Asker: 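Pasting a structure here, questions to come.
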Amino acid sequence: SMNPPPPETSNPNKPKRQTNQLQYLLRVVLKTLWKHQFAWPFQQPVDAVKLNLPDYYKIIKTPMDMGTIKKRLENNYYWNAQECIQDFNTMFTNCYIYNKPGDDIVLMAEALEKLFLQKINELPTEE
Ligand SMILES: Cc1cnc(Nc2ccc(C3CCN(C)CC3)c(F)c2)nc1Nc1ccc(Cl)c(NS(=O)(=O)C(C)(C)C)c1
């Protein structure tokens, strides 16, 4: 059961912007989660072949990970902050959909999500 191609991170025809909110999502939100001790399972797309999870991409149909988010922010791929915030939320929700309460991977996502929520609570107003 192969891995699908990763989510898109480059598209020259996509309208995109650099807003102060998107700068905050890279410089504060992404950077804080990325350096966390629990970040590594989320730093790249799930390799469901190497992890022996043949059902993963049959259940998770909108995959997302912080490696993809990092590339999108570095490429200024987004139009607005909500688009990027949705990518984070997709990543967390996907984790809770696929896994069981109290699993190690869920505990790791919950720690990252708590920090995520604390940082987006202080999202600056758009200038
Ligand atoms: C982002 C994400 C979401 N969902 C899952 N679900 C998952 C569920 C079960 C397993 C094993 C399957 C064979 N079983 C024998 C043990 C468990 C699995 F490999 C992964 N994985 C994720 N990313 C990830 C990336 C690298 C690794 Cl090494 C792991 N492994 S892990 O066990 O979750 C960890 C060591 C606690 C981090 C996960």
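Numbering of ligands and ligand atoms starts at 1, following listing order. Residues: numbered from 1 along the sequence shown.
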Asker: Is the side chain of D87 donor-acceptor paired with the backbone N or O of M64 at a distance under 3.5 Å, no angle test?
Answerer: no
Asker: Please list, in number order, the atoms of ligand 1 under 4.0 Å from a heavy atom of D104.
Answerer: 36 (C)
Asker: Show me which atoms of ligand 1 lie under 4.0 Å from any heavy atom of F42.
Answerer: 1 (C)
Asker: Kindly indicate whether atom 19 (F) of ligand 1 is approached by any protein heavy atom to under 4.0 angstrom.
Answerer: yes
Asker: Under 4.0 Å, heavy atoms only, figure out whether ligand 1 is touched by the backbone of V46, its side chain, both or neither.
Answerer: side chain
Asker: Is the shortest distance from atom 28 (Cl) of ligand 1 to a protein heavy atom below 4.0 Å?
Answerer: yes
Asker: Looking at CH2 of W79 and CG of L22, how far apart are the two atoms once the value is rounded to the nearest 0.5 Å?
Answerer: 11.0 Å
Asker: Evaluate the side-chain proximity of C84 to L73: yes if any heavy-atom separation is below 4.5 Å, no if none is.
Answerer: yes
Asker: Ignoring hydrogens, tell whether any protein atom lies closer than 4.0 Å to atom 22 (C) of ligand 1; use the non-hydrogen atoms only.
Answerer: yes
Asker: Would you say that more than 12 heavy atoms from the other residues, nucleotides or ligands in this model lie under 6.0 Å from the NZ of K61, or not?
Answerer: yes
Asker: Name all residues meeting the ring pair (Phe, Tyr, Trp, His ring centres under 6.0 Å) criterion together with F42; count only those two or more places apart in sequence or in a different chain, and write none if there are none.
Answerer: none
Asker: Can you confirm, on distance only, whether ligand 1 has an N/O atom lying under 3.5 Å from any N/O atom belonging to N99?
Answerer: yes
Asker: Is there a side-chain contact between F92 and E110 (heavy atoms, below 4.5 Å)?
Answerer: no
Asker: Starting from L107, walk the hydrophobic network (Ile, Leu, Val, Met, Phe, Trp, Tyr; side-chain heavy atoms closer than 4.5 Å) and list everyone else you reach, by chain and number.
Answerer: none
Asker: Below 4.0 Å from any atom of ligand 1, is there a heavy atom belonging to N52?
Answerer: no
Asker: Please report whether atom 8 (C) of ligand 1 has a protein non-hydrogen atom at a separation of less than 4.0 Å.
Answerer: yes
Asker: How are the rings of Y56 and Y98 set to each other: parallel, tilted or perpendicular (split at 30° and 60°)?
Answerer: perpendicular
Asker: Tell me which protein heavy atom sits closest to atom 11 (C) of ligand 1, plus the residue, atom name and distance to 0.1 Å.
Answerer: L53 CD2, 4.4 Å
Asker: Please check if a non-hydrogen protein atom sits closer than 4.0 Å to atom 33 (O) of ligand 1.
Answerer: yes
Asker: What residue and heavy atom of the protein are closest to atom 31 (S) of ligand 1, and at what distance?
Answerer: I105 CB, 4.7 Å
Asker: Hey, what do you get for CD (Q44) to OG1 (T68), rounding to the nearest 0.5 Å?
Answerer: 9.5 Å
Asker: Any idea which heavy atoms bring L115 and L33 closest together, and the distance?
Answerer: CB-CD1, 4.0 Å
Asker: Determine if the distance from atom 2 (C) of ligand 1 to the closest protein heavy atom is below 4.0 Å.
Answerer: yes
Asker: Suppose we measure from atom 13 (C) of ligand 1 to each protein heavy atom; which comes out shortest, and what is that distance?
Answerer: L51 O, 4.4 Å
Asker: Nearest protein heavy atom to atom 35 (C) of ligand 1, by residue and atom, and its distance?
Answerer: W40 CH2, 3.9 Å
